[PDB]
Amino acid sequence: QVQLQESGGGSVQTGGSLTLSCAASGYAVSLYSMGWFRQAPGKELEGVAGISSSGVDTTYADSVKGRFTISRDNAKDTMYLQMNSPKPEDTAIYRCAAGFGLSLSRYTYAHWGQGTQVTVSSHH
Amino acid sequence: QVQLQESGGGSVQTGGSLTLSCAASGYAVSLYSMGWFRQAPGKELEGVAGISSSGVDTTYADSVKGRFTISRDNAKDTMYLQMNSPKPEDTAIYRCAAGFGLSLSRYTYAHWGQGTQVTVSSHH
Amino acid sequence: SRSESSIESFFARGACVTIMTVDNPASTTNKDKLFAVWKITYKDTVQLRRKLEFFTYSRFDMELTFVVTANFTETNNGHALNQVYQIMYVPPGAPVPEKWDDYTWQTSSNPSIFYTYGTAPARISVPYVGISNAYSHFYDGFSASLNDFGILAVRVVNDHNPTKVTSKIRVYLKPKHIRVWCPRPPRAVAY
Amino acid sequence: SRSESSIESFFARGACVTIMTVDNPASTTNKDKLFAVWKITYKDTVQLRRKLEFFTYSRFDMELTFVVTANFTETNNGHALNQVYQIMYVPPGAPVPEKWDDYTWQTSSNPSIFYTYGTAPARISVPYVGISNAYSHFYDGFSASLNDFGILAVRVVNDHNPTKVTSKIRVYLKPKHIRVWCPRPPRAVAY
Amino acid sequence: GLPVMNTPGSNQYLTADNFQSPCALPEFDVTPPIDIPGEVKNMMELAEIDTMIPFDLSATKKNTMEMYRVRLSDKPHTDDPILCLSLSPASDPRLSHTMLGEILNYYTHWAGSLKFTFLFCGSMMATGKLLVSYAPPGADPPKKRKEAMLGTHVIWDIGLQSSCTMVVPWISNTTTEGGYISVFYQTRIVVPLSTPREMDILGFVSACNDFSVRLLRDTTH
Amino acid sequence: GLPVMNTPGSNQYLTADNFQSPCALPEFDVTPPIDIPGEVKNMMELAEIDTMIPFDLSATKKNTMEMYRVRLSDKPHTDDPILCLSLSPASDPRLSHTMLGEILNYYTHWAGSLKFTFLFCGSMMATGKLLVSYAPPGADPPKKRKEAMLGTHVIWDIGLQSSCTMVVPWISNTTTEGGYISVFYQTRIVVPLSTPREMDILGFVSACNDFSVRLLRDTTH
Amino acid sequence: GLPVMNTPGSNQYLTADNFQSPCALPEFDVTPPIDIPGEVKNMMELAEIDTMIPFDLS
Amino acid sequence: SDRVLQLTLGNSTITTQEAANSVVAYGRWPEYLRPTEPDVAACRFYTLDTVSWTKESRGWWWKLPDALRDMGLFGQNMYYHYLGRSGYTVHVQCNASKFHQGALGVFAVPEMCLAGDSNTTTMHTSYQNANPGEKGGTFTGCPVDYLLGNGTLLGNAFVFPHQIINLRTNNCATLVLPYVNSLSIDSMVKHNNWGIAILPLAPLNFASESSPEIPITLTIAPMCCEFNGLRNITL
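Sequence order for the protein chains is W, P, U, E, B, R, X and C.
Numbers in the numbering used here are just positions in the first sequence, counted from 1, shifted up by 100.
Numbers in the numbering used here are just positions in the second sequence, counted from 1, shifted up by 100.
Numbers in the numbering used here are just positions in the third sequence, counted from 1, shifted up by 119.
Numbers in the numbering used here are just positions in the fourth sequence, counted from 1, shifted up by 119.
Numbers in the numbering used here are just positions in the fifth sequence, counted from 1, shifted up by 57.
Numbers in the numbering used here are just positions in the sixth sequence, counted from 1, shifted up by 57.
Numbers in the numbering used here are just positions in the seventh sequence, counted from 1, shifted up by 45.
Numbers in the numbering used here are just positions in the eighth sequence, counted from 1, shifted up by 282.
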C-alpha cells in the first residue's frame, strides 16, 4: 500500500511561496496522477492542484493558476505543492492522495492522507 | 573411463627426436587403436600418427612417415609419439585419444586429452 | 461454476476456538488447579467468530478436536509416565464443576473422553443441540447470554507426580452441516 | 513393450525437495526460532528439477511426505516428552508468517497437520492448484517468479522445554497424475 | 484379526479433513428446523446484491454519511471526469469495502463480471445527460470526455429516468492492474427555476451470474 | 471394533509406494486443462526423433559448432573410414550426448533398434558415392573399405539425393562392447568447376518402434 | 474411521507368515520366462531317480 | 519444383516454392478458442526484414508476436486488446543456386528464452532487448549459438518442430504453429508465445566468386487471431 504523509504547511506573510510535500509509503507511487485538496474551516476540500502519473500534467484551480505549483518526486515519492504568493483564502487545511484525476474529491485516489493547516498571516 | 593425459612436448632444435606421451586413466586402454593430432596456430588438428588396439599397426601422415614414431604402452598405459627430427611445421599443439582409427579427428576416440605445445626452435 | 464457495465449504474448516491449560502438581497450587473449565462459545476467538456473524441464524453439527502437548515446567531432570486427560463435554445447563473432586466429575450422564498423550488427537461431535430451531448469532431484546453449547472440562486423570507436568488443550471446531438465515453486513472492525 | 517408461512412472518417485530445521529452546534464539518457513518450489533440489525440465508445461496432483527425526543438541542428560509439529500448508497468495505467534498461525483456512513424533511420517495432497491450465517450468517474457505452490510452515507445538530439542522436516514430493506439453533439450550441465 | 497395514498419514490431524467421528450424545432430541426465510446456499448470492459504493473518502467525507453523496457541483466543463473509479474490487479502497468486495477478501481469485447502477438524486424537474464509461484493462483512465466516449460509454438522461445500469464484462484476480469506471458530464445539469444547484448521486455495484471465486484465505486480528 | 491384525510394513514409508492420501483442500476449483499441443505419454517418443550426433570432439571442435560438421577433406584413398563410430549409445561420448542417449542415462537397460540418417551438406553440383556400414557386435571396426563392404553396407549417392537412412538391428545394455557404424569413400567427391573442395555432412540417429527401456536410475550433483 | 480392534499377533513377525507386502519397483519390466527344460514341482520327483548307493565305505 | 501458386490473403501476394513439404507443429492445426476477430484484416501475409546469410553468420532469431508488433492491422488489435491469442504460418525462403552449399535450421521454440543460468532471476535482459521487433536478433559464438543461446547443446535443438533448408534441396521453410501456452488467451504486449530461430547447420560456401553471401526471408501470416476487450483508441 501507498500511505501518504503530508508535510510543508503553516504560517506565511500573504504573498510568499510555500512548498508543501506528501511522502508515498508505497511502491506504486508511480501509481496514477496526483493532487492537493484544501478545506476552509467547515467548508469543502476543493481540488487545488494536480500532476500526472509520470509527473508531467499541470492542472490548477481558478484561483491558484499562475502561482501554485505541483511536482511529484519519482525517485523520492513526495509531490511538491508550491503555493507561490499564498493569500488569506489559502489559510485552508491541506490534504493529499489524488492519483487518477483532479477537480473533485468526489473521486481521485480515495486513500487519503491526514492533514496540515496552512495559515497565511501577513499582518503585523 | 579412460581419461587421457598428454606429456612429452616443447622446444627442440629442428632435427632432434622428441618422444611424446599420453597416460590412459582407464582400464580399456587396450580399448581401440591410438593416435596423435597436431594443430598449428588457428589451423586444424590433422592426424599425424597412429598405433593399433594391441599396439601393432603403424600409420603416419605424408610429412611425418620415415621419422615420426608411435608406440602405446600396454603395461604402462601411455603411447609414445617420437618425432624423430622435428621441423618448423612440427611447431604445432599436440593432442591424444584416437582409439578406432587415424586420418581424421572427424572420428576416432572422441574423449580427447587437453593439449601440449611443441616448439621446434633450432636458430641461435 | 460455483462450489468450494458454498456454505458447506465456507465453514468446512478446523479453526481454534480456545487454548486451555492444566497441570499435574505434587505441590498445592489451587489457581491453575488440575481442572480447566471453559464456556463453549465461539465468542473468544476472532477468525471463526466474524465468519458466522455474516448471518443472523444457524444450525450446525458441532465437532471438536483436542490436540494435547505437554512438558516439565521446573528446570529439573525429573520424570513422568505417560498421562491421561478426561475431557468432559458438558451439555448446556448442568452443574458446572470447580474442585476436580466433586460428584459432577463422575457424571453418569455427561459424555467424557479419556485420552492417552502422544497419539492421534481427541475427537467428538455434538449435533444441533439448539433449544430453538436455530442458533441466533444475534438476538435483539432482553432475556449478552448467547445460546450456550455447554462447557469443556479437562483435568489430569493420573495422580500427583513429584515432577509437575503442564499441558495444553487446543480446541478446534468444524461446524459440519451448517445452515444460515438472513445475512447482515459483517462487522467492519475488531472486537 | 513400453510401460514403466511412461510419464505416470517417469515421475512416480518420492524425491526430497527440501530439509527444514526447527527447535524447541527455553533460551531466546530468534534465528532458528521455533518456526520454519520455505517457499514450495522444486527449484532448490537437483534430481527432481532436471526431470520436470524435460518439458515446458505441466499438471500434477502435488502430494507431500514429512518424516520427522529429532535429538538433544546440548551435551546434557536432560529429557523431553514426545512432541508435536504443526505442518502448515499454505496455498499460494496468503499472508506468510514470521514470529510463530501471529494470527495467520491460527489460519481458519490453511490446511495444517499436527503430527506426533515417532510414528508413520506426515502425509497430504494438493491437486493441480494452477492459476492457469498448466505449470510452465519455463515462461519467456516479463511479469524469476515461477508459479508458486505456496509455502510450508512447521513449528514445535509443545511449549518451551529446559532441554532444547532440534528437529528436521524432510519433505518429499510425488507428483501423482502428471501431464506434460512440448519438450526441450534438457539442461546439459549443473545449476 | 484381518491382516491390515498402517500407512503414512495415520495418527495425523488434518485441519480440513473429512472423517466420521463418534457422537457425544446418542439418541438426542434434535429440534427439527422451520422455514425461516433467509436460506442461503452460497456467498456469491450475497455479492449479486447492489451495494452503495462509498466513492468519496476525502479527509472529512471518509467515515461519515457523505462518503456516499457524490455531489454534482457548480464548476466548468473541465473534462477530468465527474467520478473516477479503478476496477480493483479488493485492491481499490472504494470497492474493497463493498458487500461484493468483503467477500473478495475471503479468496485470492475472483472472476467473471460486475454491474454498476446509478441513482440520480436530484429533482424531478432537474435534467441533463451524463456518461458512464468503462475502459477494460490495459487502457488508462480516459482523461478527456472524448477519450472515454470513443470506447464503451453509456449516455444517461436524468430528465428521463433515475436508474442507470452498465454491466462490466471480463476480469480476473491475484491479491496488478485492471480496468476503470467513470462518470462524465455529457451535457450538464438543467435546473428549473430556483432549485438547489448542487444535488447528488448513488452508485450500486453487484456481481453477475458468471461471477464466482477460488482459493480460500482470510484476515483477522 | 472389527478384529484387525497389524503386519510388518505398518508405519513404514515406501518412497515408491502407491497409497491413497488425505486432501489438503476439499472442493477446490481445479482449473480444467486445454488441448495445448505437445502431449506426451512416454519418453521413447522423444527418442524416435532425429538427433544431430556431435561426431567431432577434437580439442577445438569439442564444445563449439564444428562438433557437428564432419568435413569431407582433400586427402588420399586412405581406407581408414571417413567416420568411425562405436555403438555404445550411453557408453560412447558421441552417442551419450544425443536426445536418445540422454534418456539412456535414465535406465540401466535399453533394447531394440536404432537408425542413422545422413544429410549431405555439399553442392547440388557436387556428386560422389559414400558407404555407410554397420558390423554387429563381436566384429571389430572394419579397417579397410573392403572389410566393411563385405558385410552390411549402403552405397549412398550424393549426386542423386541428400538423404541416407540405414537402420540398425538387434542390441542390449548394462551400463561391455557392441557394434560399430562407419562412413567410407566408396568413390570420392566430384566437384564441378571452381567449387570449395571441403564441404560437410550431418548425422541424425533416432530410435525404432521396437526400442524401449528398463530399470530406472539417475545422476545429478 | 471404521471402528477396528487390534488383537494379539499385531506387530509381530512370523518367519513363515503369508502376508501381502508393498512393492519396491512399481511397473517394472519383468522379463517373462521361457520353456527351459528342467521344470520341477516337487522334491520327491528327484527322489524317484535311481542313485548309485556307495555300499563300500572301507 | 515448378508449378508454384500464389495465395492472396486479400492484400498479400505469395508465389511459394510450389509446396515441397510443410511442417505442422505436433500435428495440430490452429482452431478458434472454444471476442474481437479481425480475420482477413489481420490474417494476411506480412514480410519481415530480409536478413543477410553470410559465411561468418552465427544465426538469427525472432519472437512471436513481438516481430509483428509494427505490422499494420494485426499490430493494432495487438496494441488495442488486453487479452489476445493467435497462430502463425512461418514461411522462410532462401534462394541460392547450384553453386552455393549450406544447411539452414529453422526451429520453433514455444517460449524461446535466452541466456542466464541465474534461474534465480530471468527476464533480466531489458524489455527492449527482449523484444527486438521486425529487425531481429542474432546468435553469438548473449545468445550462445551451440547452446541455443540458452545453455542447452544445440545438437538437440531438433526437439522443437523444424525443417532444414538444405540448399541442394528445398529453397523454403514452411512452419505452422498453433497457439501454445497454459492460458487460453494472452497479453500479446507482454508475453511471447513462439521463438523462430534460424541457425546454420552447414556453413555458407560459394563457388569461386559470386554472391559474397545470400538472403533469407521471413513472411508470416497470423492464423485465426482473436482478442478480448477493446481498450482506448489511442491514435
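Note that beta-carbon positions come from the ideal geometry of N, C-alpha and C, so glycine has one too.
task: Give the residues of chain C in contact with residue 195 (chain B), contact being defined as C-beta atoms less than 7 Å apart.
output: Counted from its first residue, the fifth sequence places residue 195 (chain B) at position 138. Per Cβ cutoff of 7 Å: 364, 513.
message: Less than 7 Å between CB atoms is the rule here; does residue 201 (chain W) satisfy it with respect to chain B?
response: Along the first sequence, one-based indexing puts residue 201 (chain W) at 101. Yes, contact with chain B.
query: Can you find at least 3 beta carbon pairs, one from the region 269 to 285 of chain U and one from the region 125 to 143 of chain E, that sit closer than 8 Å?
result: No, because fewer than three Cβ pairs between the region 269 to 285 of chain U and the region 125 to 143 of chain E fall closer than 8 Å, the two stretches do not touch.
message: For residue 234 (chain B) and residue 408 (chain C), I'd like the C-alpha separation in whole angstroms.
response: Indexing the fifth sequence from 1 puts residue 234 (chain B) at position 177. Indexing the eighth sequence from 1 puts residue 408 (chain C) at position 126. Approximately 21 Å, taken between the alpha carbons.
task: Starting from the N-terminal side, write out each stretch of the beta strand (DSSP E) that is 3 residues or longer and does not extend beyond the region 198 to 236 of chain R.
output: As far as the region 198 to 236 of chain R is concerned, its whole beta strand (DSSP E) runs of at least 3 residues are 210 to 214, 220 to 229.
query: Helix, strand or coil for residue 96 (chain B) per DSSP?
result: The residue given as residue 96 (chain B) occupies position 39 in the fifth sequence. Three-state DSSP puts residue 96 (chain B) in a strand.
From B:64, B:75, B:106, B:167, residue whose alpha carbon lies closest to that of residue 242 (chain U): Walking along the third sequence from the start, residue 242 (chain U) turns up at place 123. Closest by alpha carbon: B:75.
Residue 357 (chain C) (DSSP reduced to helix, strand or coil): For the purposes of this step, residue 357 (chain C) is taken as the residue at position 75 of the eighth sequence. DSSP places residue 357 (chain C) within a helical segment (H, G or I) once states are collapsed to three.
message: Quick check on the burial criterion: 16 or more other C-beta atoms within 10 angstroms. Buried or exposed for residue 338 (chain C)?
response: The sequence position of residue 338 (chain C) within the eighth sequence is 56, counting from 1. With fewer than 16 other Cβ atoms within 10 Å, it is exposed.
query: If we cut at 7 Å on Cβ distances, does residue 199 (chain U) have a partner in chain B?
result: Position 80 of the third sequence, counted from the start, is the residue given in the question as residue 199 (chain U). Using a Cβ-Cβ cut-off of 7 Å, residue 199 (chain U) does not count as an interface residue toward chain B, since no Cβ of chain B sits closer than that to its own.
message: On the DSSP letters alone, give me the boundaries of the alpha helix (DSSP H) that residue 167 (chain E) sits inside.
response: Stepping through the fourth sequence from its first residue, residue 167 (chain E) is reached at position 48. Its alpha helix (DSSP H) spans residues 166 to 171.
query: Between the beta-carbon of residue 197 (chain P) and the beta-carbon of residue 120 (chain P), is there less than 7 Å?
result: Counting from one through the second sequence, the residue named residue 197 (chain P) turns up at place 97. Counting from one through the second sequence, the residue named residue 120 (chain P) turns up at place 20. Contact flag unset, no.
- prompt: With distances taken from CA atoms, which of R:89, R:115, R:92 is nearest residue 139 (chain P)?
  reply: On the second sequence, position 39 is the one that residue 139 (chain P) refers to. It is R:115 whose Cα lies nearest to the Cα of residue 139 (chain P).
- prompt: Closest to residue 520 (chain C) by CA distance: which of C:402, C:449, C:343, C:467 is it?
  reply: Lying outside 283 to 517, the shown extent of chain C, residue 520 (chain C) is not represented and no answer is given.
task: For residue 166 (chain E), decide whether its Cβ has a neighbour in chain U, counting only Cβ atoms nearer than 7 Å.
output: Taking the fourth sequence and counting its residues from 1, the one referred to as residue 166 (chain E) is at position 47. No - not a single Cβ of chain U is within 7 Å of the one on residue 166 (chain E).
- prompt: Do residue 320 (chain C) and residue 505 (chain C) have their C-beta atoms within less than 7 Å of each other?
  reply: By one-based count along the eighth sequence, residue 320 (chain C) stands at place 38. By one-based count along the eighth sequence, residue 505 (chain C) stands at place 223. Between residue 320 (chain C) and residue 505 (chain C), the CB-CB gap reaches or exceeds 7 Å.
task: Could you name the residues of the same chain whose beta carbon sits closer than 6 Å to that of residue 144 (chain E), not counting the 5 residues immediately before and after it, in chain order?
output: To locate residue 144 (chain E), count along the fourth sequence from 1; it is residue 25. Closer than 6 Å at the Cβ level, and outside the excluded window around residue 144 (chain E), lie 283.
field: Contact set between residue 227 (chain U) and chain B, taken where Cβ atoms lie within less than 8 Å
entry: As a working note, residue 227 (chain U) is residue 108 in the third sequence. The premise fails here: residue 227 (chain U) is roughly 14 Å from chain B at the closest Cβ pair, so nothing lies under 8 Å.
Of the residues C:303, C:503, C:285, C:411, the one placed nearest residue 343 (chain C), counting alpha carbons only: On the eighth sequence, position 61 is the one that residue 343 (chain C) refers to. Of the candidates C:303, C:503, C:285, C:411, C:411 places its Cα closest to the Cα of residue 343 (chain C).
Residue closest to residue 109 (chain W), alpha-carbon to alpha-carbon, out of W:122, W:136, W:142, W:217: The residue labelled residue 109 (chain W) in the question sits at position 9 within the first sequence. With distances taken between CA atoms, residue 109 (chain W) lies nearest to W:217 out of W:122, W:136, W:142, W:217.
- request: Could you tell me whether the Cβ of residue 72 (chain X) comes closer than 7 Å to any Cβ of chain E?
  value: As a working mapping, residue 72 (chain X) is identified with position 27 in the seventh sequence. For residue 72 (chain X), at least one C-beta of chain E is nearer than 7 Å to its own C-beta.
- request: Assuming residue 169 (chain E) contacts residue 306 (chain E) (C-beta within less than 8 Å), just tell me the rounded distance between them.
  value: As a working mapping, residue 169 (chain E) is identified with position 50 in the fourth sequence. As a working mapping, residue 306 (chain E) is identified with position 187 in the fourth sequence. Confirmed, Cβ separation roughly 6 Å.
field: residue 198 (chain R) to residue 192 (chain R) span [Cα, whole Å]
entry: Position 141 of the sixth sequence holds residue 198 (chain R). Position 135 of the sixth sequence holds residue 192 (chain R). Looking at the backbone, the Cα of residue 198 (chain R) and that of residue 192 (chain R) are separated by about 7 Å.
query: Got a sec? Which residues, its chain only, sit under 6 Å from residue 178 (chain W) by beta carbon, not counting five neighbours each side?
result: To locate residue 178 (chain W), count along the first sequence from 1; it is residue 78. Taking residue 178 (chain W) as the centre and dropping the five residues before and after it, the same chain places the C-beta of 121, 122, 123 closer than 6 Å to its C-beta, in chain order.
query: For residue 443 (chain C) versus residue 390 (chain C), is the C-beta spacing smaller than 7 Å?
result: If you number the eighth sequence from 1, residue 443 (chain C) lands on position 161. If you number the eighth sequence from 1, residue 390 (chain C) lands on position 108. It is a contact, given that the beta carbons lie within the stated cut-off.
field: Local Cβ density within 10 Å of residue 269 (chain E), reported as buried at 16 or more and exposed below that
entry: As a working mapping, residue 269 (chain E) is identified with position 150 in the fourth sequence. Buried, since its Cβ has 16 or more Cβ neighbours within 10 Å.
task: List the endpoints of the continuous alpha helix (DSSP H) containing residue 158 (chain B).
output: Here the question's residue 158 (chain B) lines up with position 101 in the fifth sequence. Segment 156 to 160, the alpha helix (DSSP H) holding residue 158 (chain B).
message: Please report the distance separating the alpha-carbon of residue 150 (chain R) from that of residue 204 (chain P).
response: Taking the first residue of the sixth sequence as position 1, residue 150 (chain R) is located at position 93. Taking the first residue of the second sequence as position 1, residue 204 (chain P) is located at position 104. Distance between the alpha carbons of residue 150 (chain R) and residue 204 (chain P): 17 Å.
query: Which chain R residues are close to residue 52 (chain X), counting only those with a beta carbon under 8 Å from its beta carbon?
result: As a working note, residue 52 (chain X) is residue 7 in the seventh sequence. Within chain R, the residues 60, 61, 62 have their CB atoms less than 8 Å from the CB of residue 52 (chain X), given in chain order.
- prompt: Would you say residue 243 (chain B) faces chain E, with C-beta separation under 7 Å as the test?
  reply: In the fifth sequence, the residue the question calls residue 243 (chain B) occupies position 186. Not closer than 7 Å to any Cβ of chain E, the Cβ of residue 243 (chain B) fails to qualify, so no.
field: Pair within 7 Å by beta-carbon distance, residue 277 (chain B) and residue 165 (chain U)
entry: Translated into the one-based positions of the fifth sequence, residue 277 (chain B) becomes position 220. Translated into the one-based positions of the third sequence, residue 165 (chain U) becomes position 46. Yes, these two residues count as a Cβ contact at 7 Å.
- prompt: Which residues, in order along the region 85 to 101 of chain B, keep a beta-carbon less than 8 Å from a beta-carbon of chain U?
  reply: For chain U, the residues of the region 85 to 101 of chain B that bring a beta carbon within less than 8 Å of one of its beta carbons are 85, 87, 88, 89, 90, 91, 93, 94, 95, 96, 97, 98, 99, 100, 101, in chain order.
message: What residue range does the alpha helix (DSSP H) around residue 104 (chain R) cover?
response: On the sixth sequence, position 47 is the one that residue 104 (chain R) refers to. It spans 101 to 104 - the alpha helix (DSSP H) in which residue 104 (chain R) sits, taken as one unbroken run.
query: What residues of chain B sit near residue 213 (chain E), judged by a beta carbon separation below 9 Å?
result: For the purposes of this step, residue 213 (chain E) is taken as residue 94 along the fourth sequence, with counting starting at 1. By Cβ distance, chain B contributes 165, 272, 274, 275.
task: Go through its chain and collect everything with a Cβ distance to residue 296 (chain C)'s Cβ below 7 Å, but skip five positions before and after it.
output: In the eighth sequence, counting from the first residue as 1, residue 296 (chain C) sits at position 14. Once the five neighbours on either side are set aside, the close Cβ partners of residue 296 (chain C) are 288, 289, 327.
Collapsed DSSP secondary structure at residue 57 (chain X) in the structure displayed: Taking the first residue of the seventh sequence as position 1, residue 57 (chain X) is located at position 12. In the structure shown, residue 57 (chain X) adopts coil according to DSSP, grouped into three states.
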